[PDB]
Structure formats: structure tokens, C-alpha cells
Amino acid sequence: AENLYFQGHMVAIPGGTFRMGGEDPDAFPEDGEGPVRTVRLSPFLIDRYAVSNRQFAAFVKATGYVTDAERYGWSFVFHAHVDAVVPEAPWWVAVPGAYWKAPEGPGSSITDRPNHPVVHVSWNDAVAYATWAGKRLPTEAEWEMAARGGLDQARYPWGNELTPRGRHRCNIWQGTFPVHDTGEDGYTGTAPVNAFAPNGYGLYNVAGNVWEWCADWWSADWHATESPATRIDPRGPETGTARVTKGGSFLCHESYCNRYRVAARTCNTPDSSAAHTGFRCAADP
């Protein structure tokens, strides 16, 4: 497609059909990456850039908005970035005072990261921002069609090679997780929202950098059946306990979590927040 066009921070995608999901050998099959399924979408707009600290700051200045992490008093921080740990993921520490303005908790700031994605934003925070911006969150199908950038069943936004020609195309982890990030892709942490090359629809950092909240309630099997509801502008199940997140983050590494593949998916309760999770907005024409 090329009746696509740019407007503001966004790209208008004139609707289309794509093969969603994946059945690759290195998938998490239990996540419901499969089955591969053909999905048709109505026209939509989606941010080509995740929402930045500067943008979130303007929202808070204009509204006085208080994030869930501020209300709870703590958010999840990666251990090496300065029991209170997640037993199943002990590199995550519950840090009092970690929030969007202090991403590693006390002693950190965003003064030198104005163009990085805002983090420690919950699904509720994302929705609040998007609504103020006159936007919404993307559905998982909109997110993934946009992230695929016009390629059919590629592993990544740009193709099937993680580092085509040996060049980094996204901000994830290199080295030995979780003890040593070599920063080969340039960043031991988040990167500016316009880092690396855009994909075929102009989107930056759909793979890597930060996880991105989607609109959908999480299910591993709702989309398995073939129906208009699951294949034409699919919205996901009517209820659920966690909301979908897509794209992976600067902590992803193939030794344990390869979910920067565009077919991959996970979820978190909508009041949760963490140092590696942000969002980008969508809209309708």
C-alpha cells in the first residue's frame, strides 16, 4: 500500500489485510502467537513514535495527571539500574518512588532523556494520555499490521534477520542477561523514540526499546476460531484480567525472551507499570 500518508506524529494506513500471528519454532506457543490468521482492518492512524517524556510532560502540565505508579508509591525497576523482587523474574525489583520522572527510582531523572519513551505508565495512564491527545490505543491487530510494515509473515518489522547486514535495527539486550549489557546497539537502557531505521509504514522502535500497551484484553485462544469477530477489525475478548503489550524492550534477549518478534505478545494487569513499558497511540480517520 502507498495511499499511506503522514499526519503529525502519525501514519494513516488505508486499511488492509495481513497475516497476523506466528507459528515459528522459537515461539511461545502458550502465548497464543498462533494460529497464523488472515485479518482485514479498516483505515486507522497510528503514531510512528512511542509517546516521549516531553509529550507526557505536556500532558501532566496541562492536566495535573497523577500516574498509577505515583498513587501506589512504587514501580518495577531493572536490578542493575539501581522479598521486593519478582520470584519468576528476579531482575525486577519493586522500587519505591520509581515513576515516569524517575525511571530508576531515587537519584534518577529524565532531564537528559526528553525524547525517550515515557515509562512507568500503566495501561490506565496510557489511555488517559491518548484520550487527552484526541487519540486511543491501537488494537493488537492494528499494532501488528503497522509493525509489519507491509511484509508478509516476516519475523521482525524489517525482515527475517535480527541484525541485517550485521547492523542493529532495534534496541534490545546484547551480552549476558541479566548481568552485563554490552550496549552494542548503542543503548544500555531506552533510546530516543526516533532511534534506528523506520519500517515500511514509517514506524520507529516497534520492535525493542519499550513494550507498548494495546487496547485488547489478553487471551491465548479467543482469536483461534475463524469468525468475523476475530478476523475483521478484531477487538479481542469482551473481558479479561490483563491487557496486551507488544514489541519487546531494551531488556529482550534470545536466551530467555525473544518477543521483539512481531508475532510475539504478552500482557500485564492494566494498573501495572515498569521501566521497560510505554505506549504509542492510534486514531480513527
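Position 1 is the first residue in the sequence shown; the rest follow in order. Heads up, when I say rigid core I mean the largest set of C-alphas that superpose within 1.5 Å between the two forms.
K.L.:
Rigid core fitted first, then name the stretch among 255 to 263 and 49 to 57 whose C-alphas deviate most from the displayed form in 8 other deposited structures of this protein.
P.N.:
When 255 to 263 and 49 to 57 are compared in 8 other deposited structures of this protein, the bigger C-alpha shift is seen for 255 to 263.
K.L.:
Taking RMS over all structures and residues, which stretch has CA atoms farther from the shown form in 8 other deposited structures of this protein, 175 to 183 or 125 to 133, after a rigid core fit?
P.N.:
Result of the core-fitted comparison in 8 other deposited structures of this protein: 175 to 183 deviates more.
K.L.:
Mind giving me a quick count class for deposited residues absent from the model between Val82 and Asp83? Options are none, 1 to 3, 4 to 9, 10 or more.
P.N.:
Gap between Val82 and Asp83: 4 to 9 residues without coordinates.
K.L.:
So which stretch wins on mean C-alpha B-factor, 274 to 282 or 3 to 11?
P.N.:
Higher mean C-alpha B-factor: 3 to 11.
K.L.:
So which stretch wins on mean C-alpha B-factor, 247 to 255 or 29 to 37?
P.N.:
That would be 29 to 37.
K.L.:
Tell me, please, which of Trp222, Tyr260, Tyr49, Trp217 has the highest C-alpha B factor according to the deposited entry?
P.N.:
Among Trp222, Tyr260, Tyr49, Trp217, the highest C-alpha B-factor in the entry belongs to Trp222.
K.L.:
Looking at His120, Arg167, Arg148, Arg136, which one carries the largest C-alpha B-factor according to the PDB entry?
P.N.:
The record points to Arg167.
K.L.:
Among all modelled residues of this chain, ranked by Cα B factor, put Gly202 in the bottom, middle or top third, i.e. lowest, middle or highest.
P.N.:
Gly202: CA B-factor falls in the lowest third of its chain.
K.L.:
Could you tell me which third, lowest, middle or highest, the C-alpha B-factor of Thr163 occupies within its chain?
P.N.:
Its C-alpha B-factor belongs to the middle third of this chain's values.
K.L.:
Divide the modelled residues of the chain into thirds by Cα B-factor and specify which third, lowest, middle or highest, holds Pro157.
P.N.:
Middle third, going by the recorded CA B-factors of the chain.
K.L.:
Among the modelled residues of this chain, does the Cα B factor of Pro114 put it in the lowest, middle or highest third?
P.N.:
Answer is highest: the recorded C-alpha B-factor places it there.
K.L.:
Looking at the C-alpha B-factor of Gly107, is it in the lowest, middle or highest third of its chain?
P.N.:
For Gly107, whose C-alpha B-factor we compare with every modelled residue in the chain, the answer is the highest third.
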